[PDB]
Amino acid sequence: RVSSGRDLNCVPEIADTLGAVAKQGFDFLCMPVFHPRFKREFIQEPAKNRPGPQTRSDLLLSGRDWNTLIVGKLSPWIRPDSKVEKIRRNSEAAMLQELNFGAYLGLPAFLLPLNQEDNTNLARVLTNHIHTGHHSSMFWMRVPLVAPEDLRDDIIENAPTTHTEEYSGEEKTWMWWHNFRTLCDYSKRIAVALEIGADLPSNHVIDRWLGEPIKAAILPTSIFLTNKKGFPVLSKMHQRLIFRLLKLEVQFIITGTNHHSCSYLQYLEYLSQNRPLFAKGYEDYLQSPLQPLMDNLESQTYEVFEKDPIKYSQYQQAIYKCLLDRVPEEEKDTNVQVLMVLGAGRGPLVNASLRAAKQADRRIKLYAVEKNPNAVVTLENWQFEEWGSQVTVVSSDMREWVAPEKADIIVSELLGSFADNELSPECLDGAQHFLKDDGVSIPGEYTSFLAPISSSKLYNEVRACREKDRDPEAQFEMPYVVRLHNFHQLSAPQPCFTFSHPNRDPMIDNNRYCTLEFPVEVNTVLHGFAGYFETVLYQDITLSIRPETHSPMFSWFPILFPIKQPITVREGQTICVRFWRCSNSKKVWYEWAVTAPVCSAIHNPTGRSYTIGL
């Protein structure tokens, strides 16, 4: 199912037109609220006194139709940025008129075109309208992938078309959009309606729209080819672009006349159902990173942890291999290893430890240390009905537990999306004293990774996270767990912080300071840094949410460190970021800053906005 709409500039009667548009399969109809050629005068007489009605009556469609089927269009003669003062004024009054009428009808969206560079006054008038109350209308800016001046036929004798590549010049229409919404101050009610032409530009021109709030894609009937049967199709390149749009779930709009004397619509449906799913629904949904140390996780939270068999089969294998390497065959019925699950939750690692023992044909004694008393309930009902004397549930903080003996292996799952963001280093450090001098730690090490990303959509979402009683910018000085979706990765991820266990170093200091330099090969806007992690469970057994090496594991989502102000980056420039892992005896926190190509502010100084509870 593809949500599509019909664009028109000729509507003899909304009753009929809307009927044919529906019977063909269109979900909604874009059309002008006033006659497109019905130019109106607002200052000079006698034209200003033109008796009404100034347009159609709202009584021609039920309230529900105006709210769900009709998308308004700005009349094409309105030029708020015209060079003639008289024309600006008339256009200003007419734009407000049609905008106010669209709201009067409760239209779900209203279309305005971006077809030249300077739209300053257009944005002002729209901004003033948007600030005439807190209403729920949407404004789709119609901007072309390629400016009309850059796709015209060369057929002008004394005005030959450009024949030398202009890298930035070919991205001009994005600059049109960027400036418009920067003037409008990133209003959540202003989205993009990307218009596609018969000829697609370079890839870098198309990639420029990654992370932008694309709500609709406009497809003129002219760009459609014709197969043997005589039906409209699309070049393989256009098909590829359409697939990039389906992942954004945009509403495709069909404009122009029928040059194949609903076929166009059927082709889109044919394309949608032709393509190959777990996190569906969490796309770009900002969440607070879990803090299992400071907070006690809820039952269903542990349920999600346990709904990932590939993750614990990796734990089982890591334990399977470790047991073999420690218990020689000549000691399989005499050597019992002491395994301590530090953070057992509801008992997944405990069961993984058991199955790894029968697999390695060795003997083990299990301790299940868990500080969450609610989960300890699950473990002890599990221990009474099933496990038994083999498992010793310990309801304590691993940093305070006075162990009766020492462990040959300690297994923990204290890692977050940013590796150490749940304070696994501080916990495994404290739990280190009761580790035998030759004891193994699973995981044995872990590393965090960062990557500069561009996504005006996600930037606005963080912007909307202001709250009544806290710093007005605190939403930018804290990380968010999010299934990153509509964004642009600007450089290959690089390693940030790494920790090893057991940590034998004489000066155990978990604070960190790292400087990263990301080459950027595109013009873009930096909005934040995505964060991932990798971990070595034992040897070659590993887990990773890092994209290039992702464990083929539905668990961790990526983390996101935003920045207060977007940072423009030119192709070839280097993004230099600074990340700190700070701490006192009470809390641990990150501080980050950008130092190139421009310095940002140090984010979250002294954990004023975000701390991790110890």
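C-alpha atoms forming the largest set that superposes within 1.5 Å between two forms make up the rigid core. One-based numbering along the sequence shown.
Asker: Is 516-524 or 277-285 the stretch whose C-alphas end up farther from this model in 5 other deposited structures of this protein after a rigid core fit?
Answerer: Most displaced of the pair in 5 other deposited structures of this protein: 277-285.
Asker: Comparing against the shown form in 5 other deposited structures of this protein, which stretch has the larger RMS C-alpha deviation after a rigid core superposition, 412-420 or 151-159?
Answerer: The stretch that sits farther from the shown form in 5 other deposited structures of this protein is 412-420.
Asker: Per the record, how many residues of the deposited chain fall between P552 and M553 without being modelled: none, 1 to 3, 4 to 9, or 10 or more?
Answerer: 1 to 3 residues are missing.
Asker: Does the entry skip any residues of the deposited sequence between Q300 and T301, and if so, is it 1 to 3, 4 to 9, or 10 or more, or none at all?
Answerer: The entry has no gap there; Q300 and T301 are joined directly.
Asker: Report the stretch with the higher mean CA temperature factor, choosing between 8-16 and 587-595 on the basis of the entry.
Answerer: Stretch with the greater average CA B-factor: 8-16.
Asker: Decide which of the stretches 425-433 and 335-343 has the higher mean C-alpha B-factor, going by the entry.
Answerer: The entry gives the higher C-alpha B-factor average to 335-343.
Asker: Using only the C-alpha B-factors in the record, can you name which of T161, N119, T127, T535 has the highest?
Answerer: Of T161, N119, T127, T535, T161 has the highest C-alpha B-factor.
Asker: Based on what the PDB entry reports, which of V522, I190, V391, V205 has the top C-alpha B-factor?
Answerer: The listed residue with the largest C-alpha B-factor is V391.
Asker: Hey, what third does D308 fall into on Cα B-factor, ranked over its chain?
Answerer: For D308, whose C-alpha B-factor we compare with every modelled residue in the chain, the answer is the highest third.
Asker: Ranked by Cα temperature factor within the chain, is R483 in the lowest third, the middle third or the highest third?
Answerer: Within its chain, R483 is a middle-third residue by C-alpha B-factor, going by the deposited values.
Asker: Split the chain's modelled residues into thirds by Cα B-factor; is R56 in the lowest, middle or highest one?
Answerer: CA B-factor rank for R56: highest third.
Asker: Based on the deposited C-alpha B factors for this chain, I'd like to know if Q44 is in the lowest, middle or highest third.
Answerer: CA B-factor rank for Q44: highest third.
Asker: Test of reading the entry: by CA B factor among the chain's modelled residues, which third contains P404?
Answerer: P404: CA B-factor falls in the highest third of its chain.
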